[PDB]
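As provided, start.tsv (TSV, C-alpha atoms and all ligand atoms) reads as follows.
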```
chain	number	residue	atom	x	y	z
A	1	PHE	CA	150.72	3.98	92.55
A	2	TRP	CA	151.77	7.54	93.38
A	3	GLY	CA	148.28	8.05	94.70
A	4	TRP	CA	147.20	5.03	96.53
A	5	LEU	CA	146.63	7.58	99.35
A	6	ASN	CA	143.31	8.43	97.73
A	7	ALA	CA	142.02	4.98	98.70
A	8	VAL	CA	143.46	5.28	102.20
A	9	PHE	CA	141.91	8.69	102.81
A	10	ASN	CA	138.58	7.60	101.39
A	11	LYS	CA	138.38	4.45	103.46
A	12	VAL	CA	135.39	4.13	105.77
A	13	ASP	CA	136.27	3.38	109.33
A	14	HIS	CA	133.01	1.88	110.61
A	15	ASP	CA	134.67	1.40	113.99
A	16	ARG	CA	135.36	5.08	114.40
A	17	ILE	CA	131.78	5.78	113.32
A	18	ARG	CA	130.21	3.49	115.95
A	19	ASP	CA	132.60	5.03	118.57
A	20	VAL	CA	132.25	8.79	118.02
A	21	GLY	CA	129.12	8.76	115.80
A	22	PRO	CA	128.54	9.51	112.14
A	23	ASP	CA	128.86	13.33	111.89
A	24	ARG	CA	132.22	13.43	113.65
A	25	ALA	CA	133.49	10.58	111.55
A	26	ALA	CA	132.36	12.26	108.39
A	27	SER	CA	134.01	15.53	109.35
A	28	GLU	CA	137.35	13.80	109.70
A	29	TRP	CA	136.94	12.05	106.34
A	30	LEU	CA	135.93	15.35	104.74
A	31	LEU	CA	138.57	17.73	106.16
A	32	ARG	CA	141.21	15.12	105.59
A	33	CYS	CA	140.10	15.17	101.93
A	34	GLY	CA	140.35	18.95	101.85
A	35	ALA	CA	136.65	19.64	102.29
A	36	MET	CA	135.10	21.83	105.05
A	37	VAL	CA	131.95	21.47	107.19
A	38	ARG	CA	129.74	23.74	109.32
A	39	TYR	CA	127.84	22.47	112.35
A	40	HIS	CA	124.28	23.49	113.17
A	41	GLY	CA	124.91	26.38	115.48
A	42	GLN	CA	128.12	27.96	114.32
A	43	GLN	CA	129.34	30.55	111.85
A	44	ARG	CA	132.87	29.25	111.82
A	45	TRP	CA	133.74	26.74	109.18
A	46	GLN	CA	135.78	23.80	110.27
A	47	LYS	CA	138.71	23.99	107.82
A	48	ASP	CA	141.79	22.78	109.79
A	49	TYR	CA	141.62	19.04	110.38
A	50	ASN	CA	143.71	19.35	113.52
A	51	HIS	CA	141.36	21.76	115.24
A	52	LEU	CA	138.27	19.67	115.08
A	53	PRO	CA	136.17	19.62	118.23
A	54	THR	CA	137.19	16.36	119.96
A	55	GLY	CA	135.53	16.85	123.40
A	56	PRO	CA	131.90	18.12	123.69
A	57	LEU	CA	130.37	14.71	123.22
A	58	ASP	CA	128.11	14.17	120.27
A	59	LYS	CA	126.43	17.56	120.21
A	60	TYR	CA	127.85	18.80	116.83
A	61	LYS	CA	125.65	17.83	113.81
A	62	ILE	CA	126.85	18.57	110.26
A	63	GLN	CA	124.75	21.07	108.42
A	64	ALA	CA	126.70	22.43	105.45
A	65	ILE	CA	129.54	20.90	103.38
A	66	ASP	CA	132.00	22.64	101.11
A	67	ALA	CA	134.09	20.43	98.91
A	68	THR	CA	136.27	22.80	96.90
A	69	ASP	CA	139.51	21.25	95.52
A	70	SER	CA	138.64	18.19	97.48
A	71	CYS	CA	139.73	14.68	96.84
A	72	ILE	CA	136.63	12.90	98.09
A	73	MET	CA	135.14	10.15	95.98
A	74	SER	CA	132.28	7.70	96.06
A	75	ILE	CA	134.19	4.87	97.66
A	76	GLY	CA	133.92	7.05	100.68
A	77	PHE	CA	130.35	8.23	100.55
A	78	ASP	CA	129.42	5.69	103.19
A	79	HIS	CA	130.42	8.42	105.52
A	80	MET	CA	127.25	10.26	104.39
A	81	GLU	CA	124.87	7.58	105.53
A	82	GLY	CA	123.86	8.27	109.12
A	83	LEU	CA	123.82	12.02	108.67
A	84	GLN	CA	120.48	13.40	109.80
A	85	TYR	CA	120.72	17.18	109.38
A	86	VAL	CA	122.63	18.19	106.29
A	87	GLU	CA	121.09	21.16	104.51
A	88	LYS	CA	123.81	22.58	102.24
A	89	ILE	CA	126.24	20.90	99.89
A	90	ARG	CA	128.71	22.61	97.60
A	91	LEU	CA	130.79	20.54	95.17
A	92	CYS	CA	133.35	22.63	93.44
A	93	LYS	CA	136.38	21.68	91.32
A	94	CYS	CA	136.29	18.14	92.70
A	95	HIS	CA	137.96	15.92	90.09
A	96	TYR	CA	136.46	12.63	91.21
A	97	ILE	CA	132.84	13.69	91.46
A	98	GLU	CA	130.60	12.41	88.72
A	99	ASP	CA	127.37	10.78	87.83
A	100	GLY	CA	127.82	7.80	90.13
A	101	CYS	CA	128.43	10.00	93.10
A	102	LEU	CA	125.32	12.03	92.44
A	103	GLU	CA	123.24	8.89	92.25
A	104	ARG	CA	124.59	7.52	95.50
A	105	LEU	CA	123.85	10.77	97.29
A	106	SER	CA	120.42	11.16	95.70
A	107	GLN	CA	119.47	7.78	97.18
A	108	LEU	CA	120.42	8.60	100.69
A	109	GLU	CA	117.06	8.76	102.38
A	110	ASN	CA	118.32	10.79	105.36
A	111	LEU	CA	119.56	13.39	102.88
A	112	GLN	CA	116.37	13.38	100.83
A	113	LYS	CA	114.64	15.03	103.84
A	114	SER	CA	117.38	17.35	104.99
A	115	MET	CA	118.71	18.79	101.79
A	116	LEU	CA	117.71	22.34	100.89
A	117	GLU	CA	120.56	23.63	98.91
A	118	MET	CA	123.09	22.37	96.48
A	119	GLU	CA	125.78	23.77	94.18
A	120	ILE	CA	127.84	22.01	91.56
A	121	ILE	CA	130.48	24.25	90.25
A	122	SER	CA	133.15	23.40	87.79
A	123	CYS	CA	133.11	19.61	88.19
A	124	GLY	CA	134.20	18.32	84.81
A	125	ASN	CA	132.98	14.77	85.06
A	126	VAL	CA	129.44	15.31	85.92
A	127	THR	CA	126.69	15.04	83.40
A	128	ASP	CA	123.02	15.43	82.69
A	129	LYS	CA	122.33	12.03	84.12
A	130	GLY	CA	124.01	12.92	87.36
A	131	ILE	CA	122.12	16.20	87.72
A	132	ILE	CA	118.63	14.85	87.02
A	133	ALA	CA	119.18	12.21	89.64
A	134	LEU	CA	119.04	15.09	92.08
A	135	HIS	CA	115.24	15.34	91.96
A	136	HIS	CA	115.07	12.75	94.76
A	137	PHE	CA	115.78	15.59	97.19
A	138	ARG	CA	112.11	16.27	97.66
A	139	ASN	CA	112.79	19.26	99.83
A	140	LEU	CA	115.47	20.97	97.68
A	141	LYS	CA	114.76	24.68	97.54
A	142	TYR	CA	117.76	25.75	95.45
A	143	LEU	CA	120.39	24.23	93.15
A	144	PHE	CA	123.19	26.02	91.25
A	145	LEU	CA	124.85	24.46	88.28
A	146	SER	CA	127.75	26.28	86.85
A	147	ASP	CA	130.70	25.45	84.55
A	148	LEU	CA	129.72	21.85	83.97
A	149	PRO	CA	131.09	20.99	80.56
A	150	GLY	CA	129.76	17.40	80.74
A	151	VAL	CA	126.22	18.64	80.81
A	152	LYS	CA	124.61	18.98	77.42
A	153	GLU	CA	120.83	18.99	77.27
A	154	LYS	CA	120.50	21.68	79.90
A	155	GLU	CA	117.03	22.88	78.84
A	156	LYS	CA	115.81	19.30	79.27
A	157	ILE	CA	116.98	19.40	82.89
A	158	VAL	CA	115.06	22.59	83.48
A	159	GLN	CA	111.97	20.64	82.38
A	160	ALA	CA	112.48	17.58	84.58
A	161	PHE	CA	112.90	19.84	87.52
A	162	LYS	CA	109.97	21.99	86.40
A	163	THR	CA	107.83	18.90	86.72
A	164	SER	CA	109.33	16.92	89.69
A	165	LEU	CA	110.36	19.90	91.79
A	166	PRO	CA	108.15	22.78	90.63
A	167	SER	CA	109.22	25.39	93.19
A	168	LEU	CA	113.02	24.83	93.11
A	169	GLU	CA	114.99	27.97	92.33
A	170	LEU	CA	117.45	26.65	89.80
A	171	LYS	CA	120.25	29.05	89.07
A	172	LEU	CA	122.14	27.99	85.89
A	173	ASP	CA	125.56	29.12	84.72
A	174	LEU	CA	126.12	26.94	81.72
A	175	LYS	CA	127.63	27.09	78.26
B	1	MG	MG	140.27	21.53	99.42
```

For the file at hand, write its structure as structure tokens.
Amino acid sequence: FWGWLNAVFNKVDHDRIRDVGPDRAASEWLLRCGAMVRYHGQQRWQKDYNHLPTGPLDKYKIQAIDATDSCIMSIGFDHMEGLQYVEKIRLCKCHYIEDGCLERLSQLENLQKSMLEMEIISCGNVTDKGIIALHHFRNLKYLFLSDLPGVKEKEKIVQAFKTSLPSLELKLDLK
């Protein structure tokens, strides 16, 4: 219904993966959902889906992800599985991101190593539960929560992190 496309765009094309390998596949899913990515090695952000590197075989790993105004959703997070090197993620004004998404991510082993830096800005459906789940990123050096109206017991988050990730810089920007 006037938006089935969301399912089409979030579909996971395991064939494509196995062909051109996870990072490439995940860059197509992302940019086609109005996200951007940045490969280890470059300063340029990939932002135009049609300009994606389609030659230099299998050298581009994904390192930072910017979902602003994006239409990604958890039925598609299988794209995030075989990603070895992701260090940054920014989620901002993404309507369909919420607690379930944050769980799924925070349970991706490959990401639990690689992640250093996360920001959740202005995503209305996320909550305290979703946030706390983020402790499983054992290497997370910094995490910015801003404009998250679904988050209530802030202070209690600050504690959980204080204990389970003692040296995480934890910028807050909450009501
Ligand atoms: Mg966008």

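Of the listed residues A:116, A:26, A:8, A:102, the one whose atoms come nearest to residue 60 of chain A is A:26, with distances taken using only C-alpha atoms.
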
Margin query: As a quick test: using only C-alpha atoms and all ligand atoms, which residues lie no more than 12 Å away from ligand MG 1 (chain B)? Give them as an NGL selection string.
Written below: :A and (30-37 or 46-49 or 65-72 or 90-95)

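Ranking A:170, A:52, A:73, A:80 by their shortest atom-to-atom distance to residue 10 of chain A, with only C-alpha atoms included, puts A:73 first.
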
Checklist line | Spatial neighbours of residue 77 of chain A, max dist 8 Å, all atoms listed in the file, sep filter under 2 positions, as a PyMOL selection string | finding: chain A and resi 73-75+79-81+101+104-105

Next item on the list: Would you mind telling me which residue in A:174, A:136, A:168, A:88 lies nearest to residue 152 of chain A when using only C-alpha atoms?
Entry: A:174

Checklist line | Nearest to residue 154 of chain A, chosen from A:167, A:127, A:139, A:114, with only C-alpha atoms counted in the distances | finding: A:127

Margin query: Report, in Å with one decimal, the straight-line distance from atom CA of residue 103 of chain A to atom CA of residue 39 of chain A.
Written below: 24.7 Å

I want to know what sits within 12 Å of residue 20 of chain A, based on only C-alpha atoms, with residues of the same chain fewer than 2 positions away left out; could you give that as a JSON list (two decimals) with C-alpha atoms, in the coordinates of the input?
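Ended up saving to selection_13.json:
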```json
[["chain", "number", "residue", "atom", "x", "y", "z"],
["A", 13, "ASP", "CA", 136.27, 3.38, 109.33],
["A", 14, "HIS", "CA", 133.01, 1.88, 110.61],
["A", 15, "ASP", "CA", 134.67, 1.40, 113.99],
["A", 16, "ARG", "CA", 135.36, 5.08, 114.40],
["A", 17, "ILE", "CA", 131.78, 5.78, 113.32],
["A", 18, "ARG", "CA", 130.21, 3.49, 115.95],
["A", 22, "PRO", "CA", 128.54, 9.51, 112.14],
["A", 23, "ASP", "CA", 128.86, 13.33, 111.89],
["A", 24, "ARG", "CA", 132.22, 13.43, 113.65],
["A", 25, "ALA", "CA", 133.49, 10.58, 111.55],
["A", 26, "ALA", "CA", 132.36, 12.26, 108.39],
["A", 27, "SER", "CA", 134.01, 15.53, 109.35],
["A", 28, "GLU", "CA", 137.35, 13.80, 109.70],
["A", 53, "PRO", "CA", 136.17, 19.62, 118.23],
["A", 54, "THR", "CA", 137.19, 16.36, 119.96],
["A", 55, "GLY", "CA", 135.53, 16.85, 123.40],
["A", 56, "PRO", "CA", 131.90, 18.12, 123.69],
["A", 57, "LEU", "CA", 130.37, 14.71, 123.22],
["A", 58, "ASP", "CA", 128.11, 14.17, 120.27],
["A", 59, "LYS", "CA", 126.43, 17.56, 120.21],
["A", 60, "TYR", "CA", 127.85, 18.80, 116.83],
["A", 61, "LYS", "CA", 125.65, 17.83, 113.81]]
```

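Among the candidates A:45, A:85, A:4, A:144, the residue lying nearest to residue 121 of chain A is A:144 (atoms considered: all atoms listed in the file).
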
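Point (117.1, 15.4, 111.5) has the following residues at most 9 Å away: residues 83, 84, 85, 86, 110, 113 and 114 of chain A (atoms considered: only C-alpha atoms).
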
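Between atom CA of residue 64 of chain A and atom CA of residue 172 of chain A the interatomic distance comes to 20.8 Å.
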
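Atom CA of residue 38 of chain A lies 19.1 Å from atom CA of residue 141 of chain A.
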
Note to self: When you count all atoms listed in the file, which of these residues is closest to residue 162 of chain A: A:135, A:11, A:40, A:129?
What the structure shows: A:135
